[PDB]
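Just the one chain here, the form deposited in one PDB entry, laid out as structure tokens.
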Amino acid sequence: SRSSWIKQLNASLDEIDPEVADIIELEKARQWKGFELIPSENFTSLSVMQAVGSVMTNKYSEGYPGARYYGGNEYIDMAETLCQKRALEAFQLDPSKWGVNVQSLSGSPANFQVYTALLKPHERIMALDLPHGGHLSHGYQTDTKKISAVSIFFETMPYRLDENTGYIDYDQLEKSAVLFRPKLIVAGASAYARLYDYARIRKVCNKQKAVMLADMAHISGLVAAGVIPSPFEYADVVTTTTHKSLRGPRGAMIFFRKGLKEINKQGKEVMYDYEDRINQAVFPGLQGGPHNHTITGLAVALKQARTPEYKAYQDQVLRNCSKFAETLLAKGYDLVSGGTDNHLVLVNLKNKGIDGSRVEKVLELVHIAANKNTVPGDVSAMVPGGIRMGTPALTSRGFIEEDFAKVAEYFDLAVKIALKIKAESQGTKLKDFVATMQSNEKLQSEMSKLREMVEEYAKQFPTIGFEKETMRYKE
């Protein structure tokens, strides 16, 4: 028996679990053949995956380097200390002014850990409204229900876009903050295509004596490469995912000011008071054992973030998105805020006479992965009028500007098919659209042809994290 469970523990995935091996092979082929346009997605490196898939997973290491509860952590401590050092270096941070926690398991709990560290239950948070481009982990409630648990345990109130311009209305944010008295203001967005006015947020936070939290998950790779302005110039605390544009493993980091803050009226120094509170909220407050395999892969990703090739990549992300936006506009699409200054665009489909749910169904069938998105002017939250698309993932595969001009063309062809399906549907409900989409032989053929166009275009580019020659599903 004992020889038999040892053989099981050392066998390959192919031998032990052909069903799971097959699923992974199908997903590899999907990442080879598709336009991956979800702006939060990316393709991580082989070296990160090998670290995440390593025996670093086996160790329990509650606590912090040199201050653990378990023994045996000499090399786990090396990895976590190396990760912290590289995290500060990736954002060009002075370690006497900034510290970092690398144990938070993902972006959503990272924000909750900051709130738990710095706010009592039911204290007040302001953030960008979710339908205006915010994120659930900053709070969200509808008329009838608290949707994010941040809005259960803390008191949240949104700030909004200027409806005319599509940019954050900073004047209204400031006026709202006078009345609401937030103890923390979030400067961070998901579906927002413009740069944050961090200086203005800093002025509001100073006036309100509120914590300035920058949540840079969508843009952290752009920040690390220095191709957009840094929130670290202004923020008190910065959270981020380690995946998305950073191109690391799935995880998170929390950065915070430390050391001298200012001098009081009595000539006494006043120190920042974030580090101990945040580290203790992460552990023992809310998490248990760190995921050392992820932390080890994060250290790899943060070293990669320093290279000239990584900066060239992020510069290309920006140039690709600008050309993508330009081409969409030329083809008659409307963009929220009229364009982009970062890695994504927000298409408002209202002028085309069709909603994002119908378009996204066609996109899925032609192997264009995007996501439907609420846009300003939407009546129902469950009928999004927009589509969110971005450049990090396909830029990682080597798409350049002319390639994203073609992506915009193929998107437009998919919208035109969607409009044809709608024109052929009897009813106006989405189930009538879907039934037409699955019974109309002419339009099925058009979708099949566009699918082949998309796959033929995407397949020519390199695969990231695996080699084409050993793919099980080449056809």
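Note that the rigid core is defined as the largest set of C-alphas that superpose within 1.5 Å between two forms. Only residues modelled in both forms are compared. Note that residue numbering follows the sequence shown and begins at 1.
Averaged over their C-alpha atoms, the temperature factors of 420 to 428 and 23 to 31 are higher for 420 to 428. Mean C-alpha B-factor is higher over 5 to 13 than over the other stretch, the pair under comparison being 458 to 466 and 5 to 13. The entry lists C-alpha B-factors for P158, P95, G297, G398, and the highest of these is at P95. Within the selection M253, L184, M271, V347, the deposited Cα B-factor values reach their highest point at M271. Per the PDB record, residue ranking by Cα B-factor puts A214 in the lowest third of the chain. When the modelled residues of the chain are ordered by their C-alpha B factor, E446 lands in the highest third. Compared with the other modelled residues of the chain, the Cα B-factor recorded for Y410 ranks in the middle third. In this PDB entry, the Cα temperature factor of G390 sits in the middle third of its chain's modelled residues.
In the deposited entry, the Cα temperature factor of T241 sits in the bottom third of values across the chain's modelled residues.
FYI, the form deposited in another entry isn't displayed, but the following is about it.
Just one of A312, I263, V178, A199 moves its Cα by 2 Å or more between this form and the one not shown on a rigid core overlay, and this residue is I263.
After superposition on the rigid core, residues whose Cα atoms move by 2 Å or more in a run of at least three fall only at 262 to 269 between this form and the one not shown.
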